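Below is one structure, written out as structure tokens; comments come after it.
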Amino acid sequence: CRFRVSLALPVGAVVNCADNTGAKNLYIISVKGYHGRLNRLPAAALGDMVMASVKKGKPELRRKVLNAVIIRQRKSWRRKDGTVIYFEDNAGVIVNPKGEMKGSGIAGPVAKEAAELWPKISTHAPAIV
Amino acid sequence: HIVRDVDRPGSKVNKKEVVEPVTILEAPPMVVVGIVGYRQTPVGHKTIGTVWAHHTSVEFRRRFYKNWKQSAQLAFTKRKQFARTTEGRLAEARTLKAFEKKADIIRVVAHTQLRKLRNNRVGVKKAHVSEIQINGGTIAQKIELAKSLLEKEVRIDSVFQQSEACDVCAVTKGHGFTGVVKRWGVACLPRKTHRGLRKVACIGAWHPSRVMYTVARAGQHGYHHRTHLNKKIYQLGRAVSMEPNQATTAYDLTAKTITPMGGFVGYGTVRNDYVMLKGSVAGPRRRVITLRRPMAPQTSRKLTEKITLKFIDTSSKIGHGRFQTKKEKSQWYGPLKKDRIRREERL
Amino acid sequence: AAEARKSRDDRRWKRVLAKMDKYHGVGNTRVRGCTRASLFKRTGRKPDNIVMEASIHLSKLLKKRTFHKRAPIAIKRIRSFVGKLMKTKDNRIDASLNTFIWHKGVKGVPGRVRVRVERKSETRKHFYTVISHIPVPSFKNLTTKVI
RNA sequence: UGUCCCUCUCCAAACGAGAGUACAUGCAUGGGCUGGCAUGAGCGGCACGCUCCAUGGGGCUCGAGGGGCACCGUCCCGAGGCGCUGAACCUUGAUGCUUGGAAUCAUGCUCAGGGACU
RNA sequence: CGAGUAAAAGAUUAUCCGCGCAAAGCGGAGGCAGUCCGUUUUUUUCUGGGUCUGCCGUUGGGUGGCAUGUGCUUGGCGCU
RNA sequence: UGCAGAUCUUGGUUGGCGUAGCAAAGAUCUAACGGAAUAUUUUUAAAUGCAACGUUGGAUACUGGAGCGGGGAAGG
Ligand SMILES: [Mg+2]
Ligand SMILES: [Mg+2]
Ligand SMILES: [Mg+2]
Ligand SMILES: [Mg+2]
Ligand SMILES: [Mg+2]
Ligand SMILES: [Mg+2]
Ligand SMILES: [Mg+2]
């Protein structure tokens, strides 16, 4: 588990795909570990596994439900040391239900919060931030 | 806010630095003036009597008048003329005997010193009076401590320790007459609603044919009494006249006091002893607050941790403060136009 | 004989503190042991006809007021300011002062204004005041004066 | 002997009610502090311009695309730029600090407060 | 005017205080004169000196304590 | 030729009640004069005569020539 960070990504958001699997973006369908509350939309933050579908890219990856992990977000969050930090865009990588990356590379930096939770993503990250 | 190192084995933040906001509360010493004893009855506790101190200050006796300056100021005058006479000593010995024989609780009447708290925005000059219970020992020992603490001052360092916890009895900030959305937190209605949105749509069923006490209604919000237990003490300071370096830390050797640059907004300077508490405290600035020794068990690891501060922030609270002291500002800017003119006039 | 001035405690504590005397804020040698108002010099009542010059900080009186009521409100505020000072109910505004307040529109009242106030008596005696305008280039280092 | 009203302040406030003060750094004005914006009007162009060094004496630095008079120089019109200049202005008011650690605070107004009940 | 204490404990609460178990017992208490009242047992009061332990309000001067402009305690003046 | 009621007829009175309101078209200020409308106290001056009206000068502002401009028909 990890310390809580601001949510930033409700259901229906479209984020970039950062791996090289041939997908261009991901459409968020749901978030793992969401206990319900009336009228409240599920939302995904850094290091969260989500169910997503591809809306642009190779036709082989489309029209089906996949798994993904959030690695960058634009909404700022506060660390335990009192620092507020945010990225320039939202991004995610395609992953299997166990947590292993489908691709082999990552473009752009990777948040430190996502890196400690998923060891495989830590290897291919150009930079841990 | 401050910075400190956290000691917590098994945690991802162990042996690392964190930033925690704090609250500063001014604590001038109190004066004890009275002793009251209580007896237990099948209907509750009843007061036995009171023993007074024979010497009271003007600010204490101001509490008994609505216009002190245009008054005869006769309070406690006859008691003073009678307390030390032969009949006076016999009467006090009688009351103390009743305390010994048939009491279960001993409390002392104490008041704050508003003359020492030389605050410009606190307008009241009559002391705040309250009762403080004495715990521990027997009835005979309790009375001995109370008699010793008569006419004398009590400092906050003698009641609390540095890394303990306490409870905070206070009165909340006021908001006046407010609606159900802010007072209770109900949902707003769709944009198309006729006659308004910020309402509860259904306030009951047909039967029972009345409104029940569980339905949200508009009315007074704020200005309530709360308790809010388990607030950890981070520092027990002393008056700036005796110890100039209040905010100096072993890890930060800058000489500075606890008052920010430009003063606390709406309050001013802290010229007295103080306490620093972790987190927030109910009420606005200038309000008088009671701190109490805790009720809940204090055996948890969070409540038994020892606190060592590393850095205390003293930047200005007006705007985005970016200097810690006044010397930092005068080092960034060199001499200014007004400094040059003053020097030229000095020539 | 209801005054009962007493005030013998100030001197007895003064000579006491001279013996045992860091202690910067308690060394008398403002004045310690007395109020500032007690040092105010008390003469007789002022003459009937006096003249005063003073500045009024208007921007602190008109903050977040409705825009098209600022000039009329500033007129009532000036009358109340002078009336309390001079103990009068009849306060004439004069043309020079009225023109200055309104000279930037109904909502562009200047932040500060310097006025000259003269009190006169006519005849049971009746007291009234006349308020006029003093044009100044700068408002710095200007303080109330009595002539 | 006391409480209330008028006058004053705001931790309170729809109106009542509240916390206060009763010649008090109480109120007003000003000076400093702390902040906000981003360099005022005016003047000027190898010099009583501006800056630095030890009143005087010495080292610095001083634009502009173009156009027009008057036998080359001189005199001009010209958006913008540079210097005096982190200048100028604002800073408590529905209501930031400071007259008591060291390092800053100063003037003016009060002149038997008035009224209603017990 | 229709009287009930989660109060005391005595010439029927009167006719004094302290210790003690609603005990056994053990400690303290200033004398004089007048007026007005008085069916008793040193009757009930009101003053004047009458000598004062404990006190209130002082004077300065020496200490001394408290957080340090405001109160106190020790040591003498006379004083209510 | 006898009234207590017919959502009875005609007059009068009534709680609600000093209540709901009198919120489009931006707006007035100052001095002198006029007026019974004041500067009205007998039990120093403010805390014991408030509020409001017209004219003239001055200030501020609106209509903005498809005008709260200058002339006519119908109607009055
Ligand atoms: Mg729904
Ligand atoms: Mg509708
Ligand atoms: Mg702030
Ligand atoms: Mg009939
Ligand atoms: Mg109404
Ligand atoms: Mg127009
Ligand atoms: Mg027209």
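By convention in this document, the chains of the structure tokens carry letters A, B, ... by their order, each chain's residues are numbered from 1, and ligands are numbered from 1 in the order they are shown.
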
Residues of chain E were defined as contacting chain B if any atom lay at most 7 Å from it, counting only C-alpha atoms (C1' of nucleotides); please report them as a PDB file with N, CA and C atoms (P, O5', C5', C4', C3', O3' and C1' of nucleotides), in the first residue's frame.
ATOM      1  P     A E   6     -33.891  17.466  51.871  1.00  0.00           P
ATOM      2  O5'   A E   6     -32.566  16.608  52.080  1.00  0.00           O
ATOM      3  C5'   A E   6     -32.117  16.254  53.382  1.00  0.00           C
ATOM      4  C4'   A E   6     -30.853  15.435  53.332  1.00  0.00           C
ATOM      5  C3'   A E   6     -29.661  16.116  52.668  1.00  0.00           C
ATOM      6  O3'   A E   6     -28.456  15.703  53.313  1.00  0.00           O
ATOM      7  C1'   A E   6     -30.230  14.153  51.465  1.00  0.00           C
ATOM      8  P     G E  54       0.165  40.251  68.448  1.00  0.00           P
ATOM      9  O5'   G E  54      -1.126  39.793  67.639  1.00  0.00           O
ATOM     10  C5'   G E  54      -1.458  38.418  67.504  1.00  0.00           C
ATOM     11  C4'   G E  54      -2.793  38.252  66.829  1.00  0.00           C
ATOM     12  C3'   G E  54      -2.986  39.069  65.562  1.00  0.00           C
ATOM     13  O3'   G E  54      -2.419  38.464  64.413  1.00  0.00           O
ATOM     14  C1'   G E  54      -4.835  39.400  66.973  1.00  0.00           C
ATOM     15  P     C E  55      -1.980  39.376  63.168  1.00  0.00           P
ATOM     16  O5'   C E  55      -3.350  40.015  62.669  1.00  0.00           O
ATOM     17  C5'   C E  55      -3.359  41.192  61.882  1.00  0.00           C
ATOM     18  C4'   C E  55      -4.733  41.804  61.817  1.00  0.00           C
ATOM     19  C3'   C E  55      -4.851  43.042  60.947  1.00  0.00           C
ATOM     20  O3'   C E  55      -4.999  42.726  59.575  1.00  0.00           O
ATOM     21  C1'   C E  55      -5.910  43.433  63.026  1.00  0.00           C
ATOM     22  P     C E  56      -4.070  43.441  58.478  1.00  0.00           P
ATOM     23  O5'   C E  56      -4.846  44.790  58.150  1.00  0.00           O
ATOM     24  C5'   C E  56      -6.175  44.759  57.654  1.00  0.00           C
ATOM     25  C4'   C E  56      -6.806  46.129  57.667  1.00  0.00           C
ATOM     26  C3'   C E  56      -5.988  47.246  57.039  1.00  0.00           C
ATOM     27  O3'   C E  56      -6.100  47.273  55.629  1.00  0.00           O
ATOM     28  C1'   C E  56      -6.894  47.971  59.108  1.00  0.00           C
TER      29        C E  56
END

Contacts of ligand 6, 8 Å or closer, only C-alpha atoms (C1' of nucleotides) and all ligand atoms, given as a list in words: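 Using only C-alpha atoms (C1' of nucleotides) and all ligand atoms, I find these residues within 8 Å of ligand 6: residues 62, 63 and 64 of chain F.
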
Only C-alpha atoms (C1' of nucleotides), please: the residues just picked out, written as a PDB file, in the first residue's frame.
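Done, and the output landed in result-v6.pdb:
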ATOM      1  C1'   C F  62     -28.909  60.852 -18.134  1.00  0.00           C
ATOM      2  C1'   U F  63     -31.809  61.126 -23.087  1.00  0.00           C
ATOM      3  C1'   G F  64     -28.027  60.635 -27.542  1.00  0.00           C
TER       4        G F  64
END

Expected answer as a PyMOL selection string: residues within 12 Å of ligand 1, only C-alpha atoms (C1' of nucleotides) and all ligand atoms: (chain A and resi 37-41) or (chain B and resi 187+189-190)

Mind writing the picked residues with N, CA and C atoms as a PDB file, in the first residue's frame?
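Just written: selection_0.pdb:
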ATOM      1  N   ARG A  37     -19.887   4.411  -3.228  1.00  0.00           N
ATOM      2  CA  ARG A  37     -20.616   5.439  -2.502  1.00  0.00           C
ATOM      3  C   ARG A  37     -21.582   6.067  -3.494  1.00  0.00           C
ATOM      4  N   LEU A  38     -22.816   6.297  -3.057  1.00  0.00           N
ATOM      5  CA  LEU A  38     -23.868   6.731  -3.967  1.00  0.00           C
ATOM      6  C   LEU A  38     -23.483   8.021  -4.686  1.00  0.00           C
ATOM      7  N   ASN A  39     -23.602   8.001  -6.014  1.00  0.00           N
ATOM      8  CA  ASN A  39     -23.374   9.100  -6.949  1.00  0.00           C
ATOM      9  C   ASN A  39     -21.904   9.445  -7.160  1.00  0.00           C
ATOM     10  N   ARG A  40     -20.973   8.813  -6.451  1.00  0.00           N
ATOM     11  CA  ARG A  40     -19.559   9.152  -6.555  1.00  0.00           C
ATOM     12  C   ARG A  40     -18.887   8.321  -7.642  1.00  0.00           C
ATOM     13  N   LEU A  41     -18.167   8.992  -8.537  1.00  0.00           N
ATOM     14  CA  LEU A  41     -17.449   8.330  -9.621  1.00  0.00           C
ATOM     15  C   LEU A  41     -16.139   7.733  -9.113  1.00  0.00           C
TER      16      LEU A  41
ATOM     17  N   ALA B 187     -26.994  17.367  -0.390  1.00  0.00           N
ATOM     18  CA  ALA B 187     -26.733  17.581  -1.805  1.00  0.00           C
ATOM     19  C   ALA B 187     -27.597  18.700  -2.374  1.00  0.00           C
ATOM     20  N   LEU B 189     -29.765  20.478  -5.504  1.00  0.00           N
ATOM     21  CA  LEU B 189     -30.781  19.980  -6.418  1.00  0.00           C
ATOM     22  C   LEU B 189     -30.452  20.356  -7.863  1.00  0.00           C
ATOM     23  N   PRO B 190     -31.074  19.690  -8.838  1.00  0.00           N
ATOM     24  CA  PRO B 190     -30.742  19.956 -10.243  1.00  0.00           C
ATOM     25  C   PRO B 190     -31.075  21.379 -10.669  1.00  0.00           C
TER      26      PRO B 190
END

Within-10 Å residues of ligand 2, basis only C-alpha atoms (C1' of nucleotides) and all ligand atoms, as a ChimeraX atom specification: /B:191-195

Could the residues in this selection be saved with N, CA, C and O atoms as a CSV table (one decimal), in the first residue's frame?
chain,number,residue,atom,x,y,z
B,191,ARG,N,-30.4,21.8,-11.7
B,191,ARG,CA,-30.4,23.3,-12.1
B,191,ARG,C,-31.8,23.7,-12.4
B,191,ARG,O,-32.1,24.9,-12.3
B,192,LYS,N,-32.7,22.8,-12.8
B,192,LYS,CA,-34.0,23.1,-13.3
B,192,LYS,C,-35.1,23.4,-12.2
B,192,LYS,O,-36.2,23.6,-12.5
B,193,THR,N,-34.7,23.3,-10.9
B,193,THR,CA,-35.7,23.3,-9.8
B,193,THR,C,-36.3,24.6,-9.7
B,193,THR,O,-35.7,25.7,-9.6
B,194,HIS,N,-37.7,24.7,-9.6
B,194,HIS,CA,-38.4,25.9,-9.3
B,194,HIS,C,-38.4,26.2,-7.8
B,194,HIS,O,-38.5,25.3,-7.0
B,195,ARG,N,-38.2,27.5,-7.5
B,195,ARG,CA,-38.2,28.0,-6.2
B,195,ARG,C,-36.9,27.8,-5.4
B,195,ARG,O,-36.9,27.9,-4.2

Chain D contacts to chain B at 7 Å (only C-alpha atoms (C1' of nucleotides)) as an MDAnalysis selection string: chainID D and resid 11 13 20 22 33:35 96:97 101

Can you write out the residues you just picked, keeping C-alpha atoms (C1' of nucleotides), as a PDB file, in the first residue's frame?
ATOM      1  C1'   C D  11     -13.537  36.848  19.059  1.00  0.00           C
ATOM      2  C1'   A D  13     -24.441  39.309  15.103  1.00  0.00           C
ATOM      3  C1'   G D  20     -15.694  44.246  25.840  1.00  0.00           C
ATOM      4  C1'   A D  22     -15.769  53.547  30.732  1.00  0.00           C
ATOM      5  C1'   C D  33       7.759  47.252   9.749  1.00  0.00           C
ATOM      6  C1'   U D  34       5.581  43.495   6.828  1.00  0.00           C
ATOM      7  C1'   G D  35       3.575  42.773   2.058  1.00  0.00           C
ATOM      8  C1'   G D  96      -2.289  43.337   9.237  1.00  0.00           C
ATOM      9  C1'   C D  97       2.138  44.624  13.144  1.00  0.00           C
ATOM     10  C1'   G D 101      13.764  41.889  25.101  1.00  0.00           C
TER      11        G D 101
END

Shell of 12 Å around ligand 4 (only C-alpha atoms (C1' of nucleotides) and all ligand atoms), written as a VMD selection string: chain F and resid 2 to 5

Restrict the selected residues to N, CA and C atoms (P, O5', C5', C4', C3', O3' and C1' of nucleotides) and save them as a PDB file, in the first residue's frame.
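File written: part.pdb
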ATOM      1  P     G F   2     -94.751  35.690  10.186  1.00  0.00           P
ATOM      2  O5'   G F   2     -93.768  35.650  11.439  1.00  0.00           O
ATOM      3  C5'   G F   2     -93.124  36.832  11.914  1.00  0.00           C
ATOM      4  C4'   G F   2     -92.593  36.676  13.323  1.00  0.00           C
ATOM      5  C3'   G F   2     -91.565  35.565  13.526  1.00  0.00           C
ATOM      6  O3'   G F   2     -90.659  35.947  14.562  1.00  0.00           O
ATOM      7  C1'   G F   2     -93.437  35.158  14.898  1.00  0.00           C
ATOM      8  P     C F   3     -89.205  36.541  14.230  1.00  0.00           P
ATOM      9  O5'   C F   3     -88.368  35.289  13.717  1.00  0.00           O
ATOM     10  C5'   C F   3     -87.883  34.304  14.622  1.00  0.00           C
ATOM     11  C4'   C F   3     -86.806  33.449  14.000  1.00  0.00           C
ATOM     12  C3'   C F   3     -85.477  34.148  13.725  1.00  0.00           C
ATOM     13  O3'   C F   3     -84.409  33.226  13.929  1.00  0.00           O
ATOM     14  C1'   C F   3     -86.340  33.277  11.710  1.00  0.00           C
ATOM     15  P     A F   4     -83.625  33.170  15.328  1.00  0.00           P
ATOM     16  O5'   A F   4     -82.115  32.886  14.913  1.00  0.00           O
ATOM     17  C5'   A F   4     -81.408  33.763  14.043  1.00  0.00           C
ATOM     18  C4'   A F   4     -80.637  33.010  12.986  1.00  0.00           C
ATOM     19  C3'   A F   4     -81.491  32.241  11.987  1.00  0.00           C
ATOM     20  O3'   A F   4     -80.791  32.154  10.750  1.00  0.00           O
ATOM     21  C1'   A F   4     -80.134  30.726  13.166  1.00  0.00           C
ATOM     22  P     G F   5     -80.983  33.270   9.615  1.00  0.00           P
ATOM     23  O5'   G F   5     -80.038  32.771   8.439  1.00  0.00           O
ATOM     24  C5'   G F   5     -80.206  31.480   7.870  1.00  0.00           C
ATOM     25  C4'   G F   5     -78.894  30.750   7.734  1.00  0.00           C
ATOM     26  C3'   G F   5     -78.893  29.620   6.703  1.00  0.00           C
ATOM     27  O3'   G F   5     -77.567  29.445   6.208  1.00  0.00           O
ATOM     28  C1'   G F   5     -78.397  28.731   8.794  1.00  0.00           C
TER      29        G F   5
END
